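Quick setup: the structure tokens below cover two forms of a single protein chain, split into structure 1 and structure 2.
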Structure 1
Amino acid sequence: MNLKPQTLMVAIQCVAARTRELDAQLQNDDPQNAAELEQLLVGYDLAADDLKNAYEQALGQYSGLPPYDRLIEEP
């Protein structure tokens, strides 16, 4: 099903934010399964890209949505 566009916004934001958080751990905290985590983050980025194409589509169907680049901005 199409997710609602608010759902896409949230998922994009959460994916971006977990990706920053786990990338920062990967580099600053020497975590226990670093190698597995690095591959997980590739999977997160691919998902991010799929969410981004879906949100570009939603931008053509709805009004009042924030632009993609604002959603993934570092706060």
Structure 2
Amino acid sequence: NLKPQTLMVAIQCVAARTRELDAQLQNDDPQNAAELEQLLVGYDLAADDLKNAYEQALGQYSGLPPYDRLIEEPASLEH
């Protein structure tokens, strides 16, 4: 089974792609947006499975950050 560093990278990358697609929905053709919206529910299901695995890892290894810090949106994009 996967290394904890791999879980961190996967969690980070899935969160980033979800935010990047959400941002485009408003100016997208509704026809195209409606199709993305269904794909994005699949991303969220994968995100939950990943969180469950990471929580198990937190009980087994030392030196790992809290889950909520991994999925935080970077400040440079907020302010």
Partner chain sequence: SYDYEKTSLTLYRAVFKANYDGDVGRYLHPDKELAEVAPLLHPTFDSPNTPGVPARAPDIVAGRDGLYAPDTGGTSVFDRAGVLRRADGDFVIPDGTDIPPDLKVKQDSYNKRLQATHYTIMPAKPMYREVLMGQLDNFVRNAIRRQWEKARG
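For clarity, a rigid core is taken as the largest C-alpha set superposing within 1.5 Å between two forms. Only residues modelled in both forms are compared. Every residue number counts along structure 1's sequence, beginning with 1.
- The form deposited with its partner chain bound is represented by structure 1; structure 2 is the other form.
- When the rigid core is held fixed, the Cα atom of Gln32 travels 2 angstroms or more between structures 1 and 2.
- Taking the core as reference, just one block of three or more adjacent residues between structures 1 and 2 has all its Cα positions offset by 2 Å or more: 27-32.
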